[PDB]
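K.L.:
Take a look at this one; I'll ask things after.
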Amino acid sequence: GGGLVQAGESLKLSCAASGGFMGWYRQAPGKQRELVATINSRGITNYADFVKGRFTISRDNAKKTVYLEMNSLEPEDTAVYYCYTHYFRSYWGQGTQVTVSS
């Protein structure tokens with residue numbers, strides 16, 4: 001969906017649905033996507049340089065929703081915002097020793 005807010009007002013975004021890296025990105029027309037905020041499994045947050053303390057990313061882990069509370073919005077914050085997560089793992093076998101004699 002979408003919303004229009006007056007500059008200075010707040011908007012809370014949420015995204016529902018093993019959790020590693022979680023974040024919000026945004027994309028304005030004709031521009032490249034920008035990371036806005038991330039939170040990891042330990043609750044450590046990070047924010048893009050343009051956030052300037054105005055936004056708060058949070059987890060509630062029972063629902064898997066994330067939230068992005070955006071305060072003091074400005075016209076330059078106009079964009080499509082989306083939640084993102086990724087998953088990575090690797091597996092390896094027990095090694096076998098190969099010795100080549102000669």
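Lettering and numbering for the structure tokens are positional, with chains as A, B, ... in the shown order, residues counted from 1 in each chain, and ligands counted from 1 in the shown order.
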Using backbone DSSP assignments, extract all strand (DSSP E) residues from range 2-100 of chain A; output them as a PyMOL selection string.
P.N.:
chain A and resi 11-15+22-27+34-39+45-47+55-60+65-70+80-85
K.L.:
Using 7 Å as the limit and counting only C-alpha atoms, can you tabulate each residue of range 66-92 of chain A that touches range 15-23 of chain A, with its shortest atom-to-atom distance in Å and the two atoms involved, as a Markdown table?
P.N.:
| residue | atom | partner | partner_atom | distance |
| --- | --- | --- | --- | --- |
| A:66 | CA | A:15 | CA | 5.6 |
| A:67 | CA | A:15 | CA | 6.5 |
| A:83 | CA | A:23 | CA | 5.7 |
| A:84 | CA | A:23 | CA | 5.2 |
| A:85 | CA | A:22 | CA | 4.5 |
| A:86 | CA | A:21 | CA | 5.9 |
| A:87 | CA | A:20 | CA | 6.6 |
K.L.:
Generate a file of the selected residues that holds N, CA and C atoms, formatted as a PDB file, in the first residue's frame.
P.N.:
ATOM      1  N   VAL A  66       9.098  -7.060  12.455  1.00  0.00           N
ATOM      2  CA  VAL A  66      10.031  -5.943  12.490  1.00  0.00           C
ATOM      3  C   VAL A  66       9.205  -4.699  12.327  1.00  0.00           C
ATOM      4  N   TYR A  67       9.649  -3.882  12.811  1.00  0.00           N
ATOM      5  CA  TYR A  67       9.040  -2.574  12.647  1.00  0.00           C
ATOM      6  C   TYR A  67      10.094  -1.533  12.269  1.00  0.00           C
ATOM      7  N   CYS A  83      10.906  -4.310   3.525  1.00  0.00           N
ATOM      8  CA  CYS A  83      11.635  -5.135   4.473  1.00  0.00           C
ATOM      9  C   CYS A  83      12.412  -6.206   3.696  1.00  0.00           C
ATOM     10  N   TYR A  84      13.553  -6.608   4.236  1.00  0.00           N
ATOM     11  CA  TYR A  84      14.439  -7.546   3.569  1.00  0.00           C
ATOM     12  C   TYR A  84      15.101  -8.412   4.623  1.00  0.00           C
ATOM     13  N   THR A  85      15.312  -9.676   4.293  1.00  0.00           N
ATOM     14  CA  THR A  85      16.128 -10.538   5.121  1.00  0.00           C
ATOM     15  C   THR A  85      16.915 -11.481   4.228  1.00  0.00           C
ATOM     16  N   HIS A  86      18.044 -11.961   4.722  1.00  0.00           N
ATOM     17  CA  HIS A  86      18.725 -13.007   4.005  1.00  0.00           C
ATOM     18  C   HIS A  86      19.227 -14.116   4.910  1.00  0.00           C
ATOM     19  N   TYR A  87      19.515 -15.226   4.250  1.00  0.00           N
ATOM     20  CA  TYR A  87      19.906 -16.461   4.881  1.00  0.00           C
ATOM     21  C   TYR A  87      21.140 -16.978   4.164  1.00  0.00           C
TER      22      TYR A  87
END
K.L.:
With distances taken over only C-alpha atoms, which residue among A:92, A:32, A:97, A:10 lies nearest residue 54 in chain A?
P.N.:
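Selected residue with least distance to residue 54 in chain A: A:10.
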K.L.:
Report, in Å with one decimal, the straight-line distance from CA of residue 78 in chain A to CA of residue 38 in chain A.
P.N.:
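Rounded to one decimal, the two atoms are 19.0 Å apart.
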K.L.:
Considering only C-alpha atoms, return as a PDB file with C-alpha atoms, in the first residue's frame whatever protein or nucleic-acid residues lie within 9 Å of residue 11 in chain A, sequence-local ones (same chain, fewer than 6 positions apart) excluded.
P.N.:
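Output contents, as saved in around20.pdb:
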ATOM      1  CA  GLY A   3       0.640   6.671   2.706  1.00  0.00           C
ATOM      2  CA  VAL A   5       2.190  12.169   5.664  1.00  0.00           C
ATOM      3  CA  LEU A  68      10.455   0.691  11.377  1.00  0.00           C
ATOM      4  CA  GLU A  69       9.270   3.700  13.332  1.00  0.00           C
ATOM      5  CA  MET A  70      10.007   6.751  11.208  1.00  0.00           C
ATOM      6  CA  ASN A  71       9.796  10.109  12.984  1.00  0.00           C
ATOM      7  CA  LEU A  73       9.841  12.582   8.037  1.00  0.00           C
TER       8      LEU A  73
END
K.L.:
I'd like to know which of A:45, A:8, A:40, A:25 is closest to residue 61 in chain A, using only C-alpha atoms.
P.N.:
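Result for the nearest residue to residue 61 in chain A: A:40.
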K.L.:
From the options A:6, A:29, A:14, A:1, which residue's atoms come nearest to residue 63 in chain A, counting only C-alpha atoms?
P.N.:
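Of A:6, A:29, A:14, A:1, the one nearest residue 63 in chain A, counting only C-alpha atoms, is A:14.
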K.L.:
Rounded to one decimal place, report the CA of residue 72 in chain A-CA of residue 51 in chain A distance in Å.
P.N.:
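If I compute the distance from CA of residue 72 in chain A to CA of residue 51 in chain A, I get 9.8 Å.
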K.L.:
Name the residues in contact with residue 48 in chain A at a cut-off of 12 Å, using only C-alpha atoms, excluding same-chain residues fewer than 2 positions from it; report them as a ChimeraX atom specification.
P.N.:
/A:23-26,33-38,45-46,50-57
K.L.:
Go through A:13, A:2, A:101, A:81 one by one, measure the shortest atom-to-atom distance of each to residue 28 in chain A using only C-alpha atoms, and give the residue with the smallest value.
P.N.:
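Among the listed residues, the smallest separation from residue 28 in chain A belongs to A:81.
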K.L.:
If I take CA of residue 88 in chain A and CA of residue 49 in chain A, how far is one from the other in Å, to one decimal?
P.N.:
26.5 Å
